[PDB]
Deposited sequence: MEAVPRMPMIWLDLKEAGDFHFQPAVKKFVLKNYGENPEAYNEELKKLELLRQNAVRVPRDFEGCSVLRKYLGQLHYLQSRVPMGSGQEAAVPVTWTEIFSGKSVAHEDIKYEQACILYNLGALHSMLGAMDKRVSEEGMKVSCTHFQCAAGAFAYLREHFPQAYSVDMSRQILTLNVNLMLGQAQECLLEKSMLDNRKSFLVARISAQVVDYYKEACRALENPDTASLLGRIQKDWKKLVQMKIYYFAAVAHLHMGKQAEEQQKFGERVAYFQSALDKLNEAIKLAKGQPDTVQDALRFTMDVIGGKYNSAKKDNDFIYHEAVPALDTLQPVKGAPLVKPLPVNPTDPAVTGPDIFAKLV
């Protein structure tokens, strides 16, 4: 199973930005409250304006993540010196497009700009995670890291910002995203654990945790209001996620059977391999119409599991004659921290001189 074709991954689209005309409000505030020439900070203001322009047209690459993190941090630095939050003196309209409806949503609140940038950091990480083939050591590692980073961004958004500036960033939707991203990180970890020839004991537990994350994502996708918001996207995601629940359950029980093989409990071995084959057959039914990438993974796994089940039953029936009978998850991935105000990720405070 170390050589199994890779399943495709889900990613999220980036949100589209509208206007955030901070410059005139900053100048008014500098003149009225800092008592200084309103044109004394034009270099700082142009540097921030250029950074926003870069962030809202971010390249879909690892450098783009750094741009979003830098801009997110500089918005925190600006807010610490000029009050542009809800109801505050220097607040100006912030407009972004809600991604599922295509409608513009405006709030006079710099933290809404921060929220959308952080969302896009999560979305970009999900894209980068889903782009690699996951066949190289560096590619498997970075894909896992990307999905952990995506989970961390959506979780930070959920916990540290006003709730539901727009419905694409509501707590329930962000929780779906976090679970999906952790499930995909755990799937990347499973692939690596099999290439590293970890103990069947551990591989089964890792795969069981993949199932656990995807089951929670599936539960969320079945919620009628989530299904309504995501529309046809919910149909697409649910088909892939529901198939993966059975696929990785089969992978877990395959490795439980291999543990029985190692412990010379050849009756248990047959029972786990039979359960694995039954779960994989359900995954194959659920994969009707899925792309060739999905079909290739399932066919490869059918060759492994079907052949192991057959040989295990033959060995039991004619050699060992053991009774055939009738898994706790290992969460080893976590959302990785955003650290929005660490100077190593933000660089120097653009407005350090405004004091």
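- By the record, the deposited chain contains one unmodelled run at 327-332, with no C-alpha atoms placed there.
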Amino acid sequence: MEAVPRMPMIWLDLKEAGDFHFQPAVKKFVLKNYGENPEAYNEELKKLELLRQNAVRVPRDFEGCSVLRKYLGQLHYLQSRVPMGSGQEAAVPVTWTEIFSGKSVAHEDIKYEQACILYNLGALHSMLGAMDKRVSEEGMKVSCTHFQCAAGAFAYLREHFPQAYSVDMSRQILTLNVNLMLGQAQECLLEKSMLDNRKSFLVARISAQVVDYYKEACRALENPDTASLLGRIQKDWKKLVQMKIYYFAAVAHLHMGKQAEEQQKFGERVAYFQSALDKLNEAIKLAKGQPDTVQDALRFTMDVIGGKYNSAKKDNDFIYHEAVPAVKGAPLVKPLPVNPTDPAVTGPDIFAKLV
From here on, numbers count along this sequence of modelled residues.
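So that the term is clear: the rigid core is the largest set of C-alpha atoms that superpose within 1.5 Å between two forms.
- In 7 other deposited structures of this protein, superposed by the rigid core, the C-alpha atoms of 162-170 lie farther from the shown form than the other of 235-243 and 162-170.
- The mean Cα B-factor in the deposited entry runs higher for 191-199 than for the other of 191-199 and 129-137.
- Higher mean CA temperature factor between 104-112 and 180-188: 104-112, per the PDB entry.
- If you compare the C-alpha temperature factors of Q172, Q259, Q148, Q209 in the entry, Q259 comes out highest.
- When the C-alpha B factors of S66, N37, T293, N310 are read from the deposited coordinates, the top value falls at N37.
- Split the chain's modelled residues into thirds by C-alpha temperature factor. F161 is in the highest one.
- For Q234, the recorded CA temperature factor ranks within the lowest third of the chain's modelled residues.
- Split the chain's modelled residues into thirds by C-alpha temperature factor. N281 is in the lowest one.
- Ranked by Cα temperature factor within the chain, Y77 sits in the middle third according to the deposited record.
- In the PDB entry, a CA B factor belonging to the highest third of its chain's modelled residues is recorded for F266.
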